[PDB]
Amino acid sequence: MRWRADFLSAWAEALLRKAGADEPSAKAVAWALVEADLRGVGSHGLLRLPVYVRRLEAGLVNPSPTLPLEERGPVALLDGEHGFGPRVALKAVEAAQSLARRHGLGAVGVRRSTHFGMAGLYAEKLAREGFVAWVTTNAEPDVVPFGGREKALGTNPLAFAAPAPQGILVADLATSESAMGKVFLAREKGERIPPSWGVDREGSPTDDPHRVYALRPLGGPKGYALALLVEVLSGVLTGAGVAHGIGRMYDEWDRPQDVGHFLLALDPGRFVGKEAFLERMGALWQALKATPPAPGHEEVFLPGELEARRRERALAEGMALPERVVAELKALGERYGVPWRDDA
(Lines of atoms letter the chains of each structure in order from A and count residues from 1; the text may use other names and numbers.)
(Lines give C-alpha, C1' and ligand atoms only; values in the text may rest on other atoms or scores of the structure.)
Protein backbone atom coordinates (compact mmCIF):
# COMPACT_ATOMS: atom_id res chain seq x y z
CA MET A 1 0.00 0.00 0.00
CA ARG A 2 1.62 3.22 -1.23
CA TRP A 3 0.65 6.78 -0.35
CA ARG A 4 0.87 10.14 -2.12
CA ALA A 5 3.97 11.80 -0.67
CA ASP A 6 2.68 15.30 -1.42
CA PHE A 7 -0.51 14.59 0.53
CA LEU A 8 1.36 13.08 3.47
CA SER A 9 3.75 16.03 3.50
CA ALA A 10 0.86 18.50 3.65
CA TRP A 11 -0.86 16.38 6.29
CA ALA A 12 2.20 16.18 8.55
CA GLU A 13 2.79 19.92 8.27
CA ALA A 14 -0.82 20.65 9.20
CA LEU A 15 -0.70 18.29 12.17
CA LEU A 16 2.52 19.93 13.38
CA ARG A 17 0.96 23.40 13.11
CA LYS A 18 -2.05 22.10 15.03
CA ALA A 19 0.31 20.73 17.69
CA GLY A 20 1.85 24.19 18.05
CA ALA A 21 4.86 24.36 15.71
CA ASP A 22 5.35 27.60 13.77
CA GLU A 23 5.32 27.54 9.96
CA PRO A 24 9.03 27.13 9.19
CA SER A 25 9.41 24.42 11.85
CA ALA A 26 6.40 22.43 10.64
CA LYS A 27 7.63 22.65 7.05
CA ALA A 28 11.17 21.62 7.98
CA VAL A 29 10.00 18.52 9.86
CA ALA A 30 7.48 17.48 7.20
CA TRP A 31 10.24 17.90 4.63
CA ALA A 32 12.89 15.94 6.52
CA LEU A 33 10.66 12.95 7.35
CA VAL A 34 8.90 12.57 4.00
CA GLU A 35 12.15 13.08 2.07
CA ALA A 36 13.67 10.25 4.11
CA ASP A 37 10.72 7.97 3.28
CA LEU A 38 10.99 8.88 -0.41
CA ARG A 39 14.62 7.73 -0.44
CA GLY A 40 13.66 4.45 1.22
CA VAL A 41 15.14 5.46 4.57
CA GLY A 42 12.06 4.67 6.66
CA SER A 43 14.16 4.59 9.83
CA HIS A 44 14.14 8.40 9.65
CA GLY A 45 10.76 9.00 8.03
CA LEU A 46 7.18 9.58 9.19
CA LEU A 47 7.79 6.67 11.56
CA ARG A 48 9.34 9.42 13.72
CA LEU A 49 6.48 11.93 13.52
CA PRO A 50 4.56 10.55 16.51
CA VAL A 51 7.42 10.86 19.00
CA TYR A 52 8.43 14.25 17.53
CA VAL A 53 4.91 15.57 18.16
CA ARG A 54 4.78 14.01 21.63
CA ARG A 55 8.04 15.78 22.53
CA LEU A 56 6.44 19.08 21.47
CA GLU A 57 3.23 18.26 23.36
CA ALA A 58 5.21 17.49 26.53
CA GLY A 59 6.89 20.90 26.29
CA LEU A 60 10.35 19.58 25.43
CA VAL A 61 10.64 21.32 22.04
CA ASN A 62 10.74 25.02 21.14
CA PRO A 63 7.93 25.47 18.57
CA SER A 64 9.26 28.80 17.27
CA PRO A 65 13.00 29.31 17.91
CA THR A 66 14.79 32.51 16.92
CA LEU A 67 17.95 30.51 16.16
CA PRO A 68 20.73 32.97 17.17
CA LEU A 69 23.79 32.68 14.91
CA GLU A 70 27.24 34.02 15.82
CA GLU A 71 29.82 34.30 13.04
CA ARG A 72 33.59 34.39 13.56
CA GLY A 73 35.28 34.36 10.17
CA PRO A 74 34.73 30.97 8.46
CA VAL A 75 33.28 29.60 11.71
CA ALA A 76 29.79 30.09 13.15
CA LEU A 77 27.94 28.86 16.23
CA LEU A 78 24.19 28.28 16.09
CA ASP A 79 21.90 28.16 19.12
CA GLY A 80 19.02 25.85 18.25
CA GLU A 81 17.12 26.96 21.36
CA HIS A 82 15.70 23.44 21.63
CA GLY A 83 13.83 23.72 18.33
CA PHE A 84 12.97 20.76 16.09
CA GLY A 85 16.17 19.29 14.64
CA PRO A 86 15.20 19.73 10.95
CA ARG A 87 14.35 23.40 11.52
CA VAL A 88 17.67 23.99 13.27
CA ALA A 89 19.71 21.95 10.78
CA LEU A 90 18.28 23.73 7.74
CA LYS A 91 19.42 27.07 9.12
CA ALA A 92 22.84 25.54 9.79
CA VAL A 93 22.96 24.47 6.12
CA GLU A 94 22.20 28.00 4.96
CA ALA A 95 24.86 29.46 7.28
CA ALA A 96 27.46 26.90 6.19
CA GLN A 97 27.03 27.54 2.48
CA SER A 98 27.02 31.30 3.04
CA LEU A 99 30.30 31.08 4.97
CA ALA A 100 31.86 28.82 2.34
CA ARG A 101 30.87 31.23 -0.45
CA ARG A 102 32.72 34.00 1.34
CA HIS A 103 35.73 32.23 2.85
CA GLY A 104 36.16 29.09 0.76
CA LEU A 105 34.87 26.92 3.60
CA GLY A 106 32.39 27.21 6.44
CA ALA A 107 32.01 25.31 9.69
CA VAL A 108 28.89 25.55 11.84
CA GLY A 109 28.77 24.21 15.38
CA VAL A 110 25.21 23.65 16.56
CA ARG A 111 24.06 23.34 20.17
CA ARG A 112 20.65 22.91 21.82
CA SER A 113 19.05 21.09 18.90
CA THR A 114 17.03 17.86 18.85
CA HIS A 115 16.93 14.74 16.66
CA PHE A 116 17.26 16.06 13.09
CA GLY A 117 16.39 13.00 11.02
CA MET A 118 18.49 11.79 8.09
CA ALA A 119 21.90 13.50 8.18
CA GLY A 120 22.37 12.78 4.49
CA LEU A 121 19.57 15.19 3.61
CA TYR A 122 21.57 18.17 4.87
CA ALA A 123 24.82 17.05 3.28
CA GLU A 124 22.95 16.54 -0.01
CA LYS A 125 21.41 20.01 0.15
CA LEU A 126 24.86 21.54 0.62
CA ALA A 127 26.28 19.53 -2.29
CA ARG A 128 23.48 20.75 -4.55
CA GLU A 129 24.87 24.22 -3.90
CA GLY A 130 28.20 23.08 -5.31
CA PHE A 131 29.99 22.29 -2.05
CA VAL A 132 31.70 19.22 -0.64
CA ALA A 133 29.76 18.64 2.57
CA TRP A 134 30.37 16.89 5.89
CA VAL A 135 27.53 16.67 8.44
CA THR A 136 27.51 14.99 11.87
CA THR A 137 25.24 14.79 14.90
CA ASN A 138 25.59 13.10 18.25
CA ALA A 139 22.77 11.32 20.09
CA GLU A 140 21.91 9.88 23.50
CA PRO A 141 23.98 6.73 24.23
CA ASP A 142 22.65 3.51 22.66
CA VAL A 143 26.00 1.98 21.75
CA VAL A 144 28.61 0.18 23.82
CA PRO A 145 32.15 1.43 23.34
CA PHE A 146 34.61 -1.12 21.96
CA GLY A 147 35.54 -3.38 24.86
CA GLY A 148 32.68 -2.16 27.02
CA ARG A 149 29.40 -3.68 28.17
CA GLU A 150 27.32 -0.56 28.94
CA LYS A 151 26.01 2.16 26.59
CA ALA A 152 28.46 5.08 26.31
CA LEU A 153 27.92 6.69 22.90
CA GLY A 154 25.05 7.48 20.54
CA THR A 155 24.69 5.90 17.09
CA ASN A 156 26.35 9.20 16.11
CA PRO A 157 25.91 9.23 12.33
CA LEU A 158 28.00 11.10 9.79
CA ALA A 159 27.05 12.16 6.28
CA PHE A 160 29.16 13.39 3.37
CA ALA A 161 28.21 14.67 -0.08
CA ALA A 162 29.75 16.07 -3.24
CA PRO A 163 28.37 17.07 -6.65
CA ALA A 164 29.10 14.97 -9.74
CA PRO A 165 27.96 15.19 -13.37
CA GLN A 166 25.93 11.99 -12.88
CA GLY A 167 24.31 13.18 -9.67
CA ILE A 168 24.99 13.88 -6.01
CA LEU A 169 27.20 11.40 -4.16
CA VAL A 170 25.65 11.14 -0.70
CA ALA A 171 26.84 8.92 2.11
CA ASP A 172 24.74 8.58 5.27
CA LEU A 173 25.89 6.20 8.02
CA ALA A 174 25.48 5.56 11.74
CA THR A 175 28.84 4.74 13.33
CA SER A 176 27.32 1.73 15.07
CA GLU A 177 26.62 -1.46 13.07
CA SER A 178 23.09 -0.13 12.62
CA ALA A 179 21.03 2.95 13.49
CA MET A 180 18.43 2.58 16.23
CA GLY A 181 15.85 3.77 13.71
CA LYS A 182 16.37 0.57 11.73
CA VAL A 183 15.63 -1.40 14.90
CA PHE A 184 12.43 0.61 15.34
CA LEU A 185 11.47 0.05 11.70
CA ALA A 186 11.93 -3.71 12.11
CA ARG A 187 9.59 -3.57 15.12
CA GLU A 188 6.91 -1.79 13.10
CA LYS A 189 7.30 -4.18 10.17
CA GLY A 190 7.36 -7.23 12.42
CA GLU A 191 10.73 -8.45 11.17
CA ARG A 192 13.81 -9.98 12.81
CA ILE A 193 17.11 -8.09 12.68
CA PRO A 194 20.71 -9.18 12.07
CA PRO A 195 21.97 -10.54 15.44
CA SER A 196 25.26 -8.65 15.01
CA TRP A 197 23.51 -5.29 15.42
CA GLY A 198 23.01 -5.38 19.18
CA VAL A 199 22.64 -7.34 22.41
CA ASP A 200 19.83 -7.89 24.92
CA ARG A 201 19.97 -6.61 28.50
CA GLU A 202 22.06 -9.65 29.43
CA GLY A 203 24.75 -8.96 26.84
CA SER A 204 23.65 -11.69 24.43
CA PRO A 205 23.12 -11.11 20.69
CA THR A 206 19.46 -11.08 19.63
CA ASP A 207 17.60 -10.97 16.32
CA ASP A 208 14.47 -9.67 18.05
CA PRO A 209 14.27 -5.86 17.64
CA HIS A 210 11.91 -5.68 20.62
CA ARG A 211 14.63 -7.12 22.85
CA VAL A 212 17.62 -5.02 21.77
CA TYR A 213 19.15 -3.23 24.73
CA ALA A 214 22.37 -1.80 23.31
CA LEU A 215 23.88 -1.58 19.83
CA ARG A 216 27.44 -2.48 18.87
CA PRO A 217 30.01 -0.21 17.15
CA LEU A 218 30.67 -0.75 13.43
CA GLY A 219 33.50 -3.25 13.07
CA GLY A 220 34.51 -3.01 16.70
CA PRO A 221 37.26 -0.41 17.35
CA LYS A 222 36.83 1.46 14.08
CA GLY A 223 33.15 2.30 14.52
CA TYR A 224 33.91 3.21 18.13
CA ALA A 225 36.61 5.64 16.98
CA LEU A 226 34.23 7.10 14.39
CA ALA A 227 31.55 7.56 17.06
CA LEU A 228 34.06 9.52 19.15
CA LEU A 229 35.02 11.70 16.18
CA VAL A 230 31.33 12.51 15.70
CA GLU A 231 30.96 13.15 19.44
CA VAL A 232 33.92 15.55 19.54
CA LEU A 233 32.76 17.54 16.52
CA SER A 234 29.02 17.52 17.27
CA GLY A 235 29.00 17.69 21.05
CA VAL A 236 32.28 18.55 22.79
CA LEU A 237 33.27 21.26 20.30
CA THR A 238 29.84 22.92 20.03
CA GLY A 239 28.75 23.46 23.64
CA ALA A 240 25.85 21.03 23.20
CA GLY A 241 25.04 17.96 25.27
CA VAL A 242 27.82 15.37 25.35
CA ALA A 243 27.09 11.63 25.31
CA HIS A 244 25.39 10.71 28.59
CA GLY A 245 24.56 14.40 29.00
CA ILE A 246 22.23 14.30 26.00
CA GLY A 247 18.57 13.82 26.90
CA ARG A 248 16.97 10.58 25.65
CA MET A 249 14.18 11.41 23.19
CA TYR A 250 12.35 8.16 23.90
CA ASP A 251 13.02 7.75 27.63
CA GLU A 252 13.45 11.11 29.37
CA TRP A 253 10.52 13.52 29.46
CA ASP A 254 11.82 15.95 32.07
CA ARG A 255 13.89 18.26 29.86
CA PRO A 256 15.02 19.02 26.28
CA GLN A 257 17.71 16.86 24.66
CA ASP A 258 20.41 19.39 23.72
CA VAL A 259 21.62 17.44 20.69
CA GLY A 260 24.59 18.90 18.83
CA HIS A 261 25.47 18.96 15.13
CA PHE A 262 28.54 19.90 13.11
CA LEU A 263 28.44 20.98 9.47
CA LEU A 264 31.34 21.75 7.15
CA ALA A 265 31.09 23.02 3.58
CA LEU A 266 34.13 23.22 1.29
CA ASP A 267 34.21 25.17 -1.98
CA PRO A 268 36.07 23.06 -4.56
CA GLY A 269 36.61 26.32 -6.42
CA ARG A 270 39.21 27.16 -3.77
CA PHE A 271 40.99 23.86 -4.33
CA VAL A 272 41.41 22.08 -7.67
CA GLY A 273 38.70 24.30 -9.15
CA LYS A 274 34.95 24.00 -9.72
CA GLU A 275 35.02 22.70 -13.31
CA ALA A 276 37.98 20.42 -12.70
CA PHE A 277 36.35 19.04 -9.55
CA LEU A 278 33.18 18.07 -11.41
CA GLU A 279 35.10 16.40 -14.23
CA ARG A 280 37.23 14.49 -11.73
CA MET A 281 34.14 13.44 -9.75
CA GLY A 282 32.62 12.30 -13.04
CA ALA A 283 35.59 10.06 -13.82
CA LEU A 284 35.51 8.53 -10.34
CA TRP A 285 31.77 7.93 -10.62
CA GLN A 286 32.24 6.37 -14.06
CA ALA A 287 35.02 4.09 -12.79
CA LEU A 288 32.90 2.75 -9.93
CA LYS A 289 29.94 2.11 -12.23
CA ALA A 290 32.25 0.22 -14.61
CA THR A 291 33.46 -2.16 -11.87
CA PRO A 292 32.33 -5.78 -12.45
CA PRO A 293 29.66 -6.74 -9.86
CA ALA A 294 30.15 -9.34 -7.15
CA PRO A 295 27.82 -12.37 -7.01
CA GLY A 296 24.31 -11.29 -6.04
CA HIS A 297 24.79 -7.80 -7.46
CA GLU A 298 23.73 -6.50 -10.87
CA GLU A 299 26.07 -3.52 -10.74
CA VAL A 300 28.01 -1.27 -8.40
CA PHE A 301 26.15 1.76 -7.07
CA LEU A 302 27.44 5.03 -5.67
CA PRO A 303 26.34 6.09 -2.16
CA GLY A 304 23.03 7.87 -2.64
CA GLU A 305 22.43 6.49 -6.14
CA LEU A 306 19.79 3.93 -5.18
CA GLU A 307 18.27 6.46 -2.79
CA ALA A 308 17.84 8.94 -5.65
CA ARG A 309 16.29 6.22 -7.81
CA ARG A 310 13.87 5.30 -5.03
CA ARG A 311 12.85 8.94 -4.57
CA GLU A 312 11.99 9.33 -8.26
CA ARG A 313 9.98 6.10 -8.17
CA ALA A 314 8.14 7.04 -4.96
CA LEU A 315 7.27 10.46 -6.37
CA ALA A 316 5.66 8.65 -9.31
CA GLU A 317 4.14 5.56 -7.69
CA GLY A 318 3.68 6.78 -4.11
CA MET A 319 5.64 5.95 -0.94
CA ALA A 320 5.17 2.86 1.22
CA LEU A 321 4.58 2.79 4.98
CA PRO A 322 4.30 -0.14 7.41
CA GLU A 323 0.73 -0.87 8.52
CA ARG A 324 1.70 -0.26 12.15
CA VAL A 325 3.14 3.16 11.34
CA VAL A 326 -0.03 4.17 9.50
CA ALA A 327 -2.12 3.02 12.46
CA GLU A 328 -0.07 5.19 14.81
CA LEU A 329 -0.21 8.16 12.42
CA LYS A 330 -4.00 7.76 12.24
CA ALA A 331 -4.29 7.78 16.03
CA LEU A 332 -2.05 10.86 16.06
CA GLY A 333 -4.29 12.54 13.48
CA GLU A 334 -7.38 11.95 15.62
CA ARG A 335 -5.63 13.19 18.76
CA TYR A 336 -4.85 16.50 17.04
CA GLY A 337 -7.97 16.97 14.96
CA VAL A 338 -6.08 16.57 11.68
CA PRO A 339 -7.56 13.26 10.39
CA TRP A 340 -5.57 10.90 8.20
CA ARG A 341 -6.30 11.78 4.57
CA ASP A 342 -8.50 9.20 2.85
CA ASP A 343 -7.38 10.66 -0.47
CA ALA A 344 -3.69 10.11 0.30
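Residue numbers here begin at 1 and follow the sequence given.
The PDB entry records a higher mean C-alpha B factor for 165-173 than for its counterpart among 226-234 and 165-173. A summary of the deposited B-factors shows that, of 152-160 and 196-204, the stretch with the larger mean C-alpha value is 196-204. Considering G130, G239, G117, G80 together, the PDB entry gives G130 the largest C-alpha B factor. In the PDB entry, a CA B factor belonging to the middle third of its chain's modelled residues is recorded for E252. The deposited CA B-factor of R111 belongs to the lowest third of values across its chain. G42: CA B factor lies in the lowest third for its chain, per the PDB record.
The deposited CA B-factor of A19 belongs to the highest third of values across its chain. Annotation for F262: C-alpha temperature factor in the lowest third relative to the rest of the modelled chain, per the entry.
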